[PDB]
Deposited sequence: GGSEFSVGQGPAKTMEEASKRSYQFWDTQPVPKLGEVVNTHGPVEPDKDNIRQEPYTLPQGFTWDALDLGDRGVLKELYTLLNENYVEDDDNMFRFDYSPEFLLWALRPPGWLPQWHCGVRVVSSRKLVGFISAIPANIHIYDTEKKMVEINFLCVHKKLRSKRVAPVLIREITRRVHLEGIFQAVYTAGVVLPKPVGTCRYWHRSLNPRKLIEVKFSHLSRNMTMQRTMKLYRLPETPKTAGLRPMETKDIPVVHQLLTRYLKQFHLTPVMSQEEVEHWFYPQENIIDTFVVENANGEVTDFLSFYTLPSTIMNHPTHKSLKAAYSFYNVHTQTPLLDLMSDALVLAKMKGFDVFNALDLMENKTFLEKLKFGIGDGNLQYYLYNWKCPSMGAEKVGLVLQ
C-alpha cells in the first residue's frame, strides 16, 4: 500500500521500528480557527445527542453505512441508548460529535466522534481522546470525505489542549501499536448456523448443540449484579488489575460508574461478593447486535473488562458465558488481549475473521503483543 494521507500525519510508518517513547510533534501554540473545507454542497454540524431526533439521525446513518464483516452479511445495529453510553461519558463535548450534513437537504451523511480519556501507555499517563464512529454515507464515499473528517476532529481536539489520541481499525494503517484478534463463543448454535454466522463443522446439529450446552446458573459464589455501593471497589479492583498491561485507561470513580454501572441492553457487570462481604472479582460485557442482511437481528455480547483476585479467570468467564446465555445472546465475543488467551480455547471460543488494530496518534513507542493491550473500545 501507499498511504497518501497518513504520510502527512504525525504517525510512524509501517516499516519503522520504534525504540523511543514520546510525541512525534510538539503541542501547538496556535491552532487553526476555521473548519476545514468540505466539498461543495456539504457543511459541518455538531450533533447534540440530547435531541432524540438528532440521535435518531445518527444511528440511522451508522446502522446503514457503518462497518460490516468481510462478507457483507452483518452490520452493527447500534441502539440510541447505546450511543448515548458510548458518546456521553464524563467530559464529553458536543463539538466532538462532528457531523457532516448536506447543505440543502440537511441530511446526515457523515460523522466522527471523540471522547476524552486518560491513557496509560507504558510509563506515561497522557490526556488523550478516543476516536470512533468514522462513517461516510456510501453515496458520498467518492469525494474524499474521510480525510477531512479526521483533520476536523483533530483540529477540534487541539482547541481543547489535547494532542494525543487512541483509535482502532480493522485495516492496517501506519502504524499499529498492537494487533488483537476476535474470538467467538457460540451460545445459540442453531441460529448462528441458520444465518450463516458459523458453519456446521462432520458434526450433526445434535453434536454441535451438546458441545456448546451451558449450565442453567453460574457456579461462582456471591455472584450478583453490580450496584451503586460497588462503584468504589470496582474502581479499585480495575485500577490495580490494569497496572500489569502497557496500554490501559486510567478511569476516575466517575468514569467507572459510567462504563460499568449496569444498563439493560447496553452494559452488564456482575461482581463477586465473598463470604466476608468483600467484592473480589467482577466480569463485564456490553451489548451490540448486528443487522442480518438477508433472512432479523443477531444478539452479540462483547467481553469488556474482567478483573479477578480470588476467582480464577476461567471460572469467571464461564459465568459470563452462562449469564449471556441466560439473557438471550446468540454469541459471546472477546478479543485475545489482556489475559484472554488463557481461557479462549478452553471455553470453546473459535478464532474469528479479522483483527482489531490499535493505534496511537502523535505518540512514538514500541509495539506490544496483544496480551499487553488493556483497552477495550466501543
property: Deposited residues absent from the coordinates (by C-alpha); result: 1 to 20, 222, 317 to 319
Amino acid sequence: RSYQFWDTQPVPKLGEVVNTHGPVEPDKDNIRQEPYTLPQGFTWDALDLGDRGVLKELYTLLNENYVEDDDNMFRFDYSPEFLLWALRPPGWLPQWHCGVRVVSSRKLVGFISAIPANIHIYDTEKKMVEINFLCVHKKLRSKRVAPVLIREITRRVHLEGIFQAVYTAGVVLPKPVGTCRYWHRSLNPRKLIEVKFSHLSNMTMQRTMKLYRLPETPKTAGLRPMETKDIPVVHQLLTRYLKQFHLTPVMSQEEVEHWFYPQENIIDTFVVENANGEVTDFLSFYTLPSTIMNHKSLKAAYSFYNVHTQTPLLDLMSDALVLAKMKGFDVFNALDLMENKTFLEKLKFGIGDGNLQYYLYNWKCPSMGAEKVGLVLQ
From here on, numbers count along this sequence of modelled residues.
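Rigid core here is just the name for the largest C-alpha set that superposes within 1.5 Å across the two forms.
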| item | value |
| --- | --- |
| Comparing 140 to 148 and 269 to 277 where Cα RMS over structures and residues is taken in 8 other deposited structures of this protein (core fit), larger one | 140 to 148 |
| More variable segment, 202 to 210 or 80 to 88 [Cα RMS over structures in 8 other deposited structures of this protein, core-superposed] | 202 to 210 |
| Entry-level comparison of average CA B-factors, 13 to 21 and 361 to 369, reporting the higher stretch | 13 to 21 |
| Mean C-alpha temperature factor, higher of 60 to 68 and 307 to 315 | 60 to 68 |
| Residue, from 54, 337, 322, 31, that the PDB entry assigns the highest Cα B-factor | 54 |
| From 253, 113, 188, 287, residue of greatest CA B-factor | 188 |
| Record-listed C-alpha B factor of residue 106: chain third | middle |
| Residue 377 CA temperature factor, ranked by third within the chain | highest |
| Third assignment of residue 125 from its chain's C-alpha B-factors | middle |
| Residue 281 by Cα B-factor - lowest, middle or highest third of the modelled chain | middle |
| Third of the chain, ranked by Cα B-factor, where residue 44 sits | lowest |
